């Protein structure tokens, strides 16, 4: 019956929906179009910040990064502010997660190194976590504007949820680094209308969102029941039939999150 309700939301919203919640000791995995590819958009910024944390000393966070006004290619609510000053790797991390800053991300990719301005190193980091599916080929803003049916810059709800699970709930990062990432997602400012809206207020929610053309809207979160039981929730959608200028349906992600909550409840 769960499939039928996702299928209905699909039709109600003229959208394609993809959902995944990893299995636990007491609940089966939830999955709808869990293995079909969807555009990363900005949801990569989260495992990116963990790439940066993994490969470096804590100390590295204090390193100041200098950029110019022409480095600003995409929505950068924070970067443009500190161009005169620049930002530490820490302030870049913070903004790539909490505000989805396109430049902050573009910088951190570069701080990873190698071909494709960081993106080879980043897909390298996903590989190191067992994810053989996902791939980041381009950097902001080109990665939110791939044609529907294009492999590049995509992931699955399945693949991103297992990744996110290792980062926050698992052992991918040492505890010190673990709480940095987690704390940054808990104070994310871009997701109030998505998964977080679809879950009762007494469930704790951390997340990182993604938005793109063709009516792309994503949200990936780690939720805690009132009793403290964690689950990983990955919700992705596009609306290809509305074309490039199609509008993202936030209410789709919020509703699908409510269906998910009722089943976990």
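Positions refer to the first chain, counted from 1.
A.B. asks: Pick between 112-120 and 184-192: the one whose mean CA B-factor in the entry is higher.
C.D. replies: Higher mean C-alpha B-factor: 112-120.
A.B. asks: Between 207-215 and 37-45, name whichever shows the higher mean Cα B factor according to the PDB entry.
C.D. replies: Between 37-45 and 207-215, it is 37-45 that shows the higher mean C-alpha B-factor.
A.B. asks: Among the choices 168, 95, 162, 140, identify the one whose CA B-factor in the record is greatest.
C.D. replies: It is 140.
A.B. asks: Could you check 202, 70, 31, 238 and tell me which one carries the biggest Cα B-factor in the deposited entry?
C.D. replies: It is 70.
A.B. asks: Within this chain's modelled residues, let me know which third the CA B factor of residue 52 belongs to: lowest, middle or highest.
C.D. replies: Residue 52: CA B-factor falls in the middle third of its chain.
A.B. asks: Ranked by Cα temperature factor within the chain, is residue 105 in the lowest third, the middle third or the highest third?
C.D. replies: It falls in the bottom third of the chain.
A.B. asks: Comparing against every modelled residue in the chain, figure out the third that the C-alpha B-factor of residue 129 lands in (lowest, middle or highest).
C.D. replies: It belongs to the middle third of the chain when residues are ordered by C-alpha B-factor.
A.B. asks: What third of the chain, by the recorded C-alpha B-factor, contains residue 88?
C.D. replies: Ranked within chain, residue 88 CA B lands in the middle tercile.
A.B. asks: Split into thirds by Cα B-factor across the chain's modelled residues, where does residue 75 land: lowest, middle or highest?
C.D. replies: Ranked within chain, residue 75 CA B lands in the highest tercile.
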